[PDB]
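*Asks:*
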Amino acid sequence: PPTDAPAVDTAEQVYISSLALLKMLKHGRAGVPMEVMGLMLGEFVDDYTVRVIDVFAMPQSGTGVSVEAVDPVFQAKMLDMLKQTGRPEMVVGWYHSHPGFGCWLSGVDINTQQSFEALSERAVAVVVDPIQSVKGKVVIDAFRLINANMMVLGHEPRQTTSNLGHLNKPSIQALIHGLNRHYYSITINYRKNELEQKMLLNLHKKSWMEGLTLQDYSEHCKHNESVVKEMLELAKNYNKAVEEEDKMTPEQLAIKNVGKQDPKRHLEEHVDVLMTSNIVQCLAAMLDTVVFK
Amino acid sequence: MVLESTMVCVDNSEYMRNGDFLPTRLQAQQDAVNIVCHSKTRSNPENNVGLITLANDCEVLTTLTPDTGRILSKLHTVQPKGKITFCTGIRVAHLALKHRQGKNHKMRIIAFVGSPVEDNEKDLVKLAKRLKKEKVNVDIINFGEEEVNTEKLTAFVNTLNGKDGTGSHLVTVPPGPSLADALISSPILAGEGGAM
Amino acid sequence: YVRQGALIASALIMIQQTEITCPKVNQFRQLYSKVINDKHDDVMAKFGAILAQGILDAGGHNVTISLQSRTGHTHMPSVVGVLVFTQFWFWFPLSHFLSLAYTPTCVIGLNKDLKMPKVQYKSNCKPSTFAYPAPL
Amino acid sequence: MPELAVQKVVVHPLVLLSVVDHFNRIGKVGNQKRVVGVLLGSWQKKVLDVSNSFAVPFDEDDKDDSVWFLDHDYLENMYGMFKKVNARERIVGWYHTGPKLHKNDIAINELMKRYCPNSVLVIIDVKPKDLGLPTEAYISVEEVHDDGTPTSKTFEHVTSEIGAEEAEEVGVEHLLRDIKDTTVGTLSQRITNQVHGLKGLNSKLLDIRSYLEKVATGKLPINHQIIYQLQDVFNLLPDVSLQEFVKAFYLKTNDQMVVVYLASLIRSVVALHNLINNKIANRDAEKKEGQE
Amino acid sequence: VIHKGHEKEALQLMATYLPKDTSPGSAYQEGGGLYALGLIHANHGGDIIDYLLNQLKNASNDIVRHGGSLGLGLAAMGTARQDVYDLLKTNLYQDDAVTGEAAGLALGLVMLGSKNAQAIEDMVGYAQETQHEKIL
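Chain order of the listed sequences is X, P, S, Y and D.
Be aware that the first sequence starts at 18, since it is given in PDB author numbering, and climbs by one per residue.
Be aware that the second sequence starts at 1, since it is given in PDB author numbering, and climbs by one per residue.
Be aware that the third sequence starts at 682, since it is given in PDB author numbering, and climbs by one per residue.
Be aware that the fourth sequence starts at 1, since it is given in PDB author numbering, and climbs by one per residue.
Be aware that the fifth sequence starts at 410, since it is given in PDB author numbering, and climbs by one per residue.
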């Protein structure tokens, strides 16, 4: 070469701002049966990092992911309406849900993204599973198609851009020709602002909650009554368990899972609710005696 | 011309029920607006036309939009009532001109006025200094309010003209029956060179 | 990706020290080749298994890692030598700074006139602790 | 309202994040400014569940109060844009980024009311500082007064809080694994509630004290109503039935201990039996530690 | 690295991939050339500091200032030389993906073992503005 040759190598990452993610989850779970889709608005820094700052849905038809209610006039109209708010943003990608199963791209899925590849060259297709994502990590990947033609022509070991890694499996269905023929795995990050963090952190307005109140003292004796009688019932069975365990080997006390009502587990289960209650039950009365003295 | 942001200021007042112009000054006001909007959507192919009122607490009935058809359809339902104000109206007009698609449009207010103005000239020529800062053009159409009024608006439109005679001009409409003065005194051919 | 940090960690731990008090060096060396012949170990592991051998034999069994001088002093080229090699936090070609903590510790007899002597050293011990690889 | 058609306004976290994102959209040199959006939501009882919101171009003079602009046409376009994406999303109110109320607000409340009666304000903060929730909800009602002054559009406070869905829950969950709050167990959690509660009463009372001190001197015309209510406060304080109350409160405590005693005792016995189990497992592990 | 130890003849060995005698073709082998030259002449830079300063001063490709910063920082390593510290400082005030990574590292190398308390309050402040996983 007398001049540089085409290049691609890149550890592509997506920042999804704490705002966006919540909208993708919510709106995406709206359509468990018929998955929704949405445009992704934000900026595009250097060339290693997509910055999705915000998203907004698109309408649909009533069968699935049609692109006859993915009107060019919808996204046109909206883009102008968000310029007049104060968002000089452009389309960077398109996300949808594949609820209930693995974060992969289907034939129509692939094909669709191909259109966002002609219209624009920088497109990440981001995937959210509002069902499985529940509680914990939040299953959410990202994918970008890869030129299958160039792969056939000898650039098959030349679709390796320099990404980091962490391995997947259940989507090896279409990821064995996905990761290794049709698309690949981008990696996801977040940006935990301190203002958003001090905002969400709020979940209780207590200046009228506990400590300025306390349950009804006839509602509270009817509670103790019940528990401290259940104590008796469990107690008896507890003696009957302490005679048994002595005369048996731990394999038979191991598989003892018929009527869990007998053992310690329920005297602990109780005492920690009872106590709790009551202690504090306890302090609440005293504290108010001085506070509103 | 260049693409511009036009703001039609129409007035509500008991004075807008005078037979001294075309049947009733109400109806006649409507026709005049209908021509000045249409005539500034053919000068440029694109041009945003507004429509606020100048009475009570000055209000917006339509924001900047290119459809003359909305400007004519809200305008049907006004009513002659209240006492106009010039201050409140102007100042809401800026806030309406800032918000627009595209920042290459020019700021032009087409203002129709029609009842004695009760603000002193000292405050009006402070607002005209703030408009001089904000590069706002303003045409004032005296559809009435020239014999029942000594024009403070003269010192208003000369506070905007340091040297430019198009920067701001106060257009008059003779108070007779004058059918033919509300059509030629239009701001697209009274106080500028263009007439398209 | 923990394996990538425990193969290279071993091959740094052991560069031309052989069977002196750590006989494990034939056990780990085997293991550096165990996972090059395999097509069942991840690329992000293989990359750390190639260097496991590549630094071991570094310099022809002559250079070693030692951040301070045997005189006694922490010389800076070595500190940076293993500080910007270990670092792949985001950049992959940072794998040459390991030539600046490489030192060929050898007695370099220099004659009174800054020229080359001929003179040798008695063995106070057998050639097994002397060592140096065996090409096979 | 007197109507039982409003009471618990419940705002989901993504709204909070949405207004806090809107406050930095405008945020160039137009910051230090009230910014306003419309609240989309659903509701069917004493609730106004807020879910979605989107900024509306809004301006406001910084010394006048009749010079405010709000692109209601923009609303009648977007409102339909979002309806076309989710049915069941009427306009249940509109939010105003604080820091507190402005005289101008009532005006706005009637240019938003041309859509939905019952519209509410939801003052959200752009600065974490309060220890209660940054979400106060007001309604535009009107009333008559005993003094004989003309009817007015005031603003009346209704209780507020934030809730969630599974989606919302999970996203927030995910965003607070840095600031862990789950290491803290039950018992201590509620002691926290009872100290953090005094942290509220303290500053509320403090605010009333600054107000009373404000009218007494450094004059600020008296509003008989405030002082009225402020009398009911000092009649309601628990006092006049002192001796009897004492003799009873002591008794109910006595009970409370009786049951704590029992609780801690059982707890002890059970833990001790646990210890016996450890010792015996240790002996039988010592027979294995020998052998070969 | 393989030819660390060649001094007056290293410019010639690397003259068949270094710029001028070699085409602008693949700026990768030009940037890599400069980086290599900083590896050969690491801590002893004499005429080579000037050579690399003329290679960075007239540079117009991003890859050349990448590998180039990596060579130049090594040749002037442990030194002060306020000229090269400010050239490499301009690389960082230019905000370009792969030029600012290598340039940042190279400026930490130019002032190695010293750092003026002014250069710190320079670099940390510039780290508050910037945005990147490589330059930052």
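Note that CB positions come from ideal geometry on N, CA and C, so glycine has one too.
Alpha carbons only, please: which of Y/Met112, Y/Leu121, Y/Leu236 and Y/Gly27 is nearest the one belonging to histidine 72 of chain Y?
*Replies:* Position 72 of the fourth sequence, counted from the start, is the residue given in the question as residue 72 of chain Y. Out of Y/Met112, Y/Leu121, Y/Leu236 and Y/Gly27, Y/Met112 has the C-alpha closest to the C-alpha of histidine 72 of chain Y.
*Asks:* Compare the Cα-Cα distances from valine 155 of chain X to each of X/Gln176, X/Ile127, X/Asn128 and X/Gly119 and report the closest residue.
*Replies:* If you number the first sequence from 1, residue 155 of chain X lands on position 138. Just measuring C-alpha positions, the residue of X/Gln176, X/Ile127, X/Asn128 and X/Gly119 sitting nearest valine 155 of chain X is X/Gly119.
*Asks:* For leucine 40 of chain Y, write down the residues that DSSP places opposite it in a beta bridge.
*Replies:* Working through the fourth sequence from its first residue, we reach residue 40 of chain Y at position 40. Partner(s): Y/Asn52 and Y/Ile91.
*Asks:* In the DSSP output, which residue or residues are listed as bridge partners for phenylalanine 728 of chain S?
*Replies:* Against the third sequence, residue 728 of chain S aligns to sequence position 47. DSSP, once it has assigned bridges, lists no residue as partnering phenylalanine 728 of chain S.
*Asks:* Per DSSP, which one or two residues make a beta bridge with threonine 499 of chain D?
*Replies:* Along the fifth sequence, read from residue 1 onward, the residue named residue 499 of chain D stands at position 90. BP columns for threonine 499 of chain D are empty, so no partner.
*Asks:* Give the residues of chain X in contact with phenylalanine 773 of chain S, contact being defined as C-beta atoms less than 8 Å apart.
*Replies:* In the third sequence, the residue the question calls residue 773 of chain S occupies position 92. Correct list: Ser179.
*Asks:* When Cβ atoms are compared, which residues of the stretch 153-166 of chain Y fall closer than 9 Å to chain X?
*Replies:* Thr159, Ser160, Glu161, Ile162, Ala164, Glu165 and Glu166
*Asks:* Can you list, in chain order, the residues of its chain with a C-beta nearer than 7 Å to that of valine 53 of chain X? Leave out the 5 residues immediately preceding and following it.
*Replies:* One-based indexing of the first sequence puts residue 53 of chain X at position 36. Taking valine 53 of chain X as the centre and dropping the five residues before and after it, the same chain places the C-beta of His44, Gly45, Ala47, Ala74, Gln77, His113 and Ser114 closer than 7 Å to its C-beta, in chain order.
*Asks:* When DSSP labels each residue in this structure, what does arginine 161 of chain X get in the three-state scheme?
*Replies:* Residue mapping note: residue 161 of chain X aligns to position 144 of the first sequence, counting from 1. Of the three classes helix, strand and coil, the one that applies to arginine 161 of chain X here is strand, per DSSP.
*Asks:* Establish whether the CB of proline 19 of chain X and some CB of chain D are separated by less than 8 Å.
*Replies:* Taking the first residue of the first sequence as 1, we reach residue 19 of chain X at position 2. Yes, contact with chain D.
*Asks:* Looking at the C-beta of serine 759 of chain S, does it have a partner C-beta in chain D at a distance below 8 Å?
*Replies:* Position 78 of the third sequence, counted from the first residue, corresponds to residue 759 of chain S. Not an interface residue.
*Asks:* Please confirm whether residue 298 of chain Y and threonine 88 of chain P have their CB atoms less than 8 Å apart.
*Replies:* Not covered by the structure: residue 298 of chain Y. The range shown for chain Y is 1 to 292.
*Asks:* Counting only runs that start and end within the stretch 189-254 of chain X, where is the beta strand (DSSP E) found for 3 or more residues in a row?
*Replies:* 200-202
*Asks:* Have a look at D/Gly454, D/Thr499, D/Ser435 and D/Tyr437 and flag the residue whose alpha-carbon is nearest the alpha-carbon of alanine 419 of chain D.
*Replies:* Taking the first residue of the fifth sequence as 1, we reach residue 419 of chain D at position 10. Of the listed residues, the one whose Cα sits closest to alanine 419 of chain D is D/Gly454.
*Asks:* Going along chain Y in order, which residues have a C-beta closer than 8 Å to the C-beta of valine 308 of chain X?
*Replies:* Here residue 308 of chain X corresponds to residue number 291 of the first sequence, with the count starting at 1. The answer, in chain order, is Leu198 and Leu201.
*Asks:* I'd like to know whether the C-beta of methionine 112 of chain Y is nearer than 8 Å to at least one C-beta of chain X.
*Replies:* Translated into the one-based positions of the fourth sequence, residue 112 of chain Y becomes position 112. No, no contact with chain X.
*Asks:* Examine chain X for any beta-carbon lying closer than 8 Å to the beta-carbon of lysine 429 of chain D, and answer yes or no.
*Replies:* Start at 1 with the first residue of the fifth sequence, and residue 429 of chain D comes out as number 20. Answer no: the Cβ-Cβ gap between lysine 429 of chain D and chain X never drops below 8 Å.
*Asks:* Beta-carbon of residue 293 of chain Y versus every beta-carbon of chain X: anything under 8 Å?
*Replies:* The requested residue 293 of chain Y does not occur in the structure, where chain Y is confined to residues 1 to 292.
*Asks:* May I ask you to list, following chain order, the residues of the stretch 62-95 of chain Y that have a beta carbon less than 9 Å from some beta carbon of chain P?
*Replies:* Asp64, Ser66, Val67, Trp68, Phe69, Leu70, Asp71, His72, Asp73 and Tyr74
*Asks:* Can you find the residues in the same chain that come closer than 6 Å, C-beta to C-beta, to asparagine 44 of chain P, ignoring five residues on each side of it along the sequence?
*Replies:* Position 44 of the second sequence, counted from the start, is the residue given in the question as residue 44 of chain P. Hits under 6 Å: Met1 and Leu3.
*Asks:* Ordered along the chain, which non-local residues of its own chain (more than five positions away) have a Cβ less than 8 Å from that of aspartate 471 of chain D?
*Replies:* Here the question's residue 471 of chain D lines up with position 62 in the fifth sequence. Cβ neighbours of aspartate 471 of chain D beyond the five flanking positions: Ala436, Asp505, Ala506, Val507 and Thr508.
*Asks:* When you compare each of Y/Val122, Y/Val19 and Y/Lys129 to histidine 157 of chain Y by their alpha carbons, which one comes out closest?
*Replies:* Counting from 1 along the fourth sequence, the entry for residue 157 of chain Y is found at position 157. Among Y/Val122, Y/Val19 and Y/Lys129, the Cα nearest to that of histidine 157 of chain Y is on Y/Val122.
*Asks:* Flag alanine 28 of chain X as yes if its beta-carbon sits less than 8 Å from any beta-carbon of chain S, otherwise no.
*Replies:* Within the first sequence, residue 28 of chain X is the residue found at index 11, counting from 1. By this cut-off, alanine 28 of chain X is an interface position.
*Asks:* If you measure from the beta carbon of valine 260 of chain Y to each beta carbon in chain X, is any gap under 8 Å?
*Replies:* Position 260 of the fourth sequence, counted from the first residue, corresponds to residue 260 of chain Y. With 8 Å as the cut-off, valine 260 of chain Y counts as an interface residue toward chain X.
*Asks:* Scan the stretch 426-458 of chain D for residues whose Cβ lies nearer than 9 Å to a Cβ of chain X and list them as they occur along the chain.
*Replies:* Result list: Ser432, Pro433, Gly434, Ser435, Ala436 and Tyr437.
*Asks:* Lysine 253 of chain X: which of X/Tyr207, X/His283 and X/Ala93 sits nearest, CA to CA?
*Replies:* Along the first sequence, read from residue 1 onward, the residue named residue 253 of chain X stands at position 236. Proximity to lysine 253 of chain X across X/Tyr207, X/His283 and X/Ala93 peaks at X/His283, based on C-alpha coordinates.
*Asks:* On the DSSP letters alone, give me the boundaries of the beta strand (DSSP E) that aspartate 71 of chain X sits inside.
*Replies:* The count along the first sequence starts at 1 and reaches residue 71 of chain X at position 54. Run containing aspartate 71 of chain X: 66-74, per the beta strand (DSSP E) assignment.
*Asks:* Going by beta carbon distance, what residues of the same chain come within less than 8 Å of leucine 422 of chain D, once the five residues before and after it are set aside?
*Replies:* As a working mapping, residue 422 of chain D is identified with position 13 in the fifth sequence. Hits under 8 Å: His412 and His415.
*Asks:* Looking at the C-beta of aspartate 105 of chain Y, does it have a partner C-beta in chain P at a distance below 8 Å?
*Replies:* Indexing the fourth sequence from 1 puts residue 105 of chain Y at position 105. With its beta carbon at least 8 Å from every one in chain P, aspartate 105 of chain Y lies outside the interface.
*Asks:* Which runs of the beta strand (DSSP E), 3 residues or longer, sit entirely within the stretch 67-144 of chain P?
*Replies:* 106-113 and 136-143
*Asks:* For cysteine 9 of chain P, does the three-state DSSP call read helix, strand or coil?
*Replies:* Taking the first residue of the second sequence as 1, we reach residue 9 of chain P at position 9. Strand, per DSSP.
*Asks:* Excluding the five sequence neighbours on either side, which residues of its own chain have a C-beta within less than 6 Å of the C-beta of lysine 219 of chain Y, listed in chain order?
*Replies:* By one-based count along the fourth sequence, residue 219 of chain Y stands at place 219. Closer than 6 Å at Cβ, skipping near neighbours: no residue.
*Asks:* Are the stretch 7-23 of chain Y and the stretch 163-183 of chain Y touching, with three or more C-beta to C-beta distances below 8 Å?
*Replies:* yes
*Asks:* So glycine 59 of chain X is in the beta strand (DSSP E); what residue range does that whole segment cover?
*Replies:* Translated into positions along the first sequence, residue 59 of chain X becomes position 42. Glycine 59 of chain X -> beta strand (DSSP E) spans 54-62.
*Asks:* Against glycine 182 of chain X, what residues of chain S qualify as contacts under a CB-to-CB distance less than 7 Å, listed in chain order?
*Replies:* Your numbering for residue 182 of chain X matches position 165 in the first sequence. Correct list: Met725.
*Asks:* Look at the alpha carbon of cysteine 37 of chain P and the alpha carbon of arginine 34 of chain Y, and state the distance between them as a whole number of angstroms.
*Replies:* For this step, residue 37 of chain P is matched to residue 37 along the second sequence. For this step, residue 34 of chain Y is matched to residue 34 along the fourth sequence. About 33 Å.
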